[PDB]
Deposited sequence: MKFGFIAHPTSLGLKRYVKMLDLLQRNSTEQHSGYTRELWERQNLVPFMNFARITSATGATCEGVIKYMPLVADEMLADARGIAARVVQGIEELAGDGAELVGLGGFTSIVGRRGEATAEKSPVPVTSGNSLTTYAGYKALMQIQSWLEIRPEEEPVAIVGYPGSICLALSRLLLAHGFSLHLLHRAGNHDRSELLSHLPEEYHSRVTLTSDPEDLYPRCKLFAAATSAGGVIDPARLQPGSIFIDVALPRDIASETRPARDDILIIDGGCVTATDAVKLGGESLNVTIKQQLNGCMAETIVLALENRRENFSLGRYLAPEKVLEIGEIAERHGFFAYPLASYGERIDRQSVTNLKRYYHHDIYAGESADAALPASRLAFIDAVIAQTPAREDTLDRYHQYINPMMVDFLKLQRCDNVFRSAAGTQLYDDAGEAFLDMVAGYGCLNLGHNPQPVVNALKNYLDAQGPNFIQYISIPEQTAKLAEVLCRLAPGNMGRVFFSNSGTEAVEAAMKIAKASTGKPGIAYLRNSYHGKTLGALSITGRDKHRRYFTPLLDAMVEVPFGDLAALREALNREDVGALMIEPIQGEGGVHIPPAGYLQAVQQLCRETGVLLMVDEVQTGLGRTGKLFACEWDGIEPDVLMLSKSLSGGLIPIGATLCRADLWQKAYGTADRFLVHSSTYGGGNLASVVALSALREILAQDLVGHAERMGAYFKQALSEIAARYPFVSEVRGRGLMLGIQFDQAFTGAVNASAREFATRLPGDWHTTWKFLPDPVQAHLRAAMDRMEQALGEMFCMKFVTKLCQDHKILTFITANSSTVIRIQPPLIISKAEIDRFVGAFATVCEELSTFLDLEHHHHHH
């Protein structure tokens, strides 16, 4: 009946392989009770015990096919062995890690050289951070410090991260709603609208523009035919920096090492994260022209102005170096294109048999599927009560659209053990974002399950 010591408590926690229920209890208590209740509600409250390649294994050992791939940080799949080996070996060699501001980091130097030479444009500099949002802040500050102007234009339905800097150029109200006011001088331009973008970019206080090659968390929209290039030229016209967020489209995901390659876009600043981790170690990178970095920070007061405690550690860089390598050795760029074209075709063929399935969009292995579905006593209710009931019912109607889409998510997980999800900005687009190592066998299996699910929901909408 006497209490354990701290250490014994901790020892007993670390060492235990806990029951799934106890893990579910623990999250619920100490992390996010709504998240738990939600997955339980969607009947996808999984506890994964192991992972390899395209598979996640639960606590009973059952396998799941992972089309989320950690929202895009798993291009190489779960636990890729060469990346794993690279990491292990570095540690065995007692390589130094977090020493990048007290000495010159050997491995980070390697990655910087590599990234710049592979990057599009004329990148000469890199700052290393630990995440997407952080890599975005880094670009933001470069824009600010080199131009001296505090403004940045962004496009509606952009997603650039959730730190408040990044949030200020994130074109989606559901994410920004609660944190007003954000930063002044950022400008939302409607998407694909170029005359409007001339207006925004002429503005005295605007130094830069931030775009994504394809908007991801904004429902997988490839820009129109001439847009990105026009944007590029317009930015040259106006003296504005072109800043390209490739945290999501980068590293072979759209069928090119960089999505920029599709339209010959030459950024002034570029942002990488997600899969640069090798799905192992958090990492971000921000590349820019050497001469911009010069205007930003090439002064004795300025050269350490932006810095990061973890950012640029040798370890992460060892990992990334190895991740990149594997993307290249395994022809995953080519696979993404090829398998990507195949998947899209195949899905489209199912989607043009179902009116609720509207469209299949994307490039390489970045895809989304869009759905599209759906007296006196009253006279003498107060107007307030009537207005309130009207509005609820309105908003409910729309939510009924996303509930339909989540119905897909749930059936795939529950009936077919396939993990998919929905994008953060739109809740009406299923993301389809497999690891790039994905097989034809696996693709075809996804195609059939999805046909099964359309075939079932069509019949549920038929008993009405």
* Structure fact -> Per the record, the structure omits deposited positions 1-371, 746-765, 856-861
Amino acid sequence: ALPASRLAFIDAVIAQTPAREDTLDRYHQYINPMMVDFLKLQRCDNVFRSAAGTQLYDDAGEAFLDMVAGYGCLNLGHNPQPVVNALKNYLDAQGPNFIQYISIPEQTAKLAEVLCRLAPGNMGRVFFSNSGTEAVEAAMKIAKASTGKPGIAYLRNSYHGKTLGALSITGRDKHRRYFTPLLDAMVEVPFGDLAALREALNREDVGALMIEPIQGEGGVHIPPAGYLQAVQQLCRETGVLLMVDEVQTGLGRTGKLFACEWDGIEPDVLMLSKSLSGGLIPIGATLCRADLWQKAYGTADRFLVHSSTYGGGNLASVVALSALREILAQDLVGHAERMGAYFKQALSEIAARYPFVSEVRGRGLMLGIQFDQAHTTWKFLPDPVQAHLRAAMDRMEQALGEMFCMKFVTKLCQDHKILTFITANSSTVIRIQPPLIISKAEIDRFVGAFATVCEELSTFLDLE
From here on, numbers count along this sequence of modelled residues.
* Structure fact -> Quick note on 191-199 and 331-339: per-entry mean CA temperature factor is higher in 191-199
* 12-20 or 451-459, whichever carries the higher mean Cα B-factor -> 451-459
* **Deposited CA B-factor, highest of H28, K407, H416, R49** => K407
* Asked: Taking the Cα B-factors listed in the entry, which of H306, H221, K344, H375 comes out highest?
  -> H221
* C-alpha B factor of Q233, ranked within the chain: lowest, middle or highest third? -> highest
* Entry-reported Cα temperature factor of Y90, expressed as the chain third it lands in -> lowest
* Structure fact -> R253: CA temperature factor from the record, placed by chain third, in the lowest
* Asked: Among the chain's modelled residues, which third holds the C-alpha B-factor of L412?
  -> middle
* Asked: Once the chain's modelled residues are ordered by C-alpha B factor and cut into thirds, is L280 in the lowest, middle or highest one?
  -> lowest
